[PDB]
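A single chain, nothing else alongside it, follows as structure tokens in the form deposited in one PDB entry.
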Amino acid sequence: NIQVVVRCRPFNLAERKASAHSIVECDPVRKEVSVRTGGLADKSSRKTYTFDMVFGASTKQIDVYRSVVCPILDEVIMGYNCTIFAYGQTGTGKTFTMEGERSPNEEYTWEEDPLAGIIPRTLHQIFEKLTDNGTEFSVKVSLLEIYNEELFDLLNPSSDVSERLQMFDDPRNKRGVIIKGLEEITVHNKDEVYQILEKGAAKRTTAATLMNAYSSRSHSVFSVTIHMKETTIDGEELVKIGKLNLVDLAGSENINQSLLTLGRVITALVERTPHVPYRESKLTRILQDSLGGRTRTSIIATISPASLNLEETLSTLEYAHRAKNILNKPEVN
């Protein structure tokens, strides 16, 4: 049973300039989201949905991390494979939540930036939790992006972001794949983190100037792999592996093969259709095990609070709510 949560961003300055009204109410306690749907015609009308967790407009980055990620990171350290992906309309906060942003000027260090998202906070915790705990461990990260069914490597040594990756079925996993050419960087300590992310963002910036509407049409896949040593009571040394995939999806409002097959894959699972079209898109092949497989999965549905985005917001809520019916069978590696 996959976890689905909703995060509503606060109004932006443009919306206030236009006197935007709010049509969203979040109730963390009852874990519900209620939408005002009749504007001027019917003031009482509304659509209420129930999710595993709800975060209102005032929710801060650190709140999302403590509530959603902490539990997931524990599962990863326990030797599980987990996936968190953001789904939502362009401009609602997918990237802001998954990666976050850097505060202007010095002001804050990357480890203390209030605006930092899930990726930076997670990599920081991995080193903090595992170091102040003993345990021999090694951390490896990768960041690829899908655009028009083509795969680009943001952490690759080559200076040209357009050099393409390839995908193949993983011989040792019926529902897993191998990314040929992918650069998996070993992160020796937290002091090596920021440089890797900074290089990553730089190559992404170059890619957005190379392809049309890159930022909103692409899918971003960040993966973290942890190898940890365990010694049984008998003195046997073995290695448990934990893996975390942090995915920032293309805008739902929508080169659309992956987003399209994703919806198709979800529908097939909730309706129990015989054949699930995983093979039909680069995205669903990478996430196959996350959708009905052995990976612990959580979805963060992002929405705007404005009356103007009513239709899309309802669409996002409806889509994410169906997703609650997808069942997975988590299994340690």
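Take the two forms, superpose them, and find the largest set of C-alpha atoms that agree within 1.5 Å; that set is the rigid core. All residue numbers are counted from 1 along the displayed sequence.
What follows is about the form deposited in another entry, which we do not show.
Rigid core superposed between this form and the one not shown, residues 193, 224, 228, 76 considered: the one with a C-alpha shift of 2 Å or more is 193. Put the two forms on the same core and the Cα of residue 142 is off by less than 2 Å between this form and the one not shown.
Shown in the overlay between this form and the one not shown, fitted on the rigid core, is a CA shift at residue 31 smaller than 2 Å.
The two forms, fitted on the rigid core, differ between this form and the one not shown by less than 2 Å at the CA of residue 131. With a change of no less than 3 Å, the CA-CA distance between residue 266 and residue 69 is smaller in the other entry than in the form shown. An increase of at least 3 Å in the separation of the C-alpha atoms of residue 326 and residue 179 is found in the other entry, compared with the displayed form.
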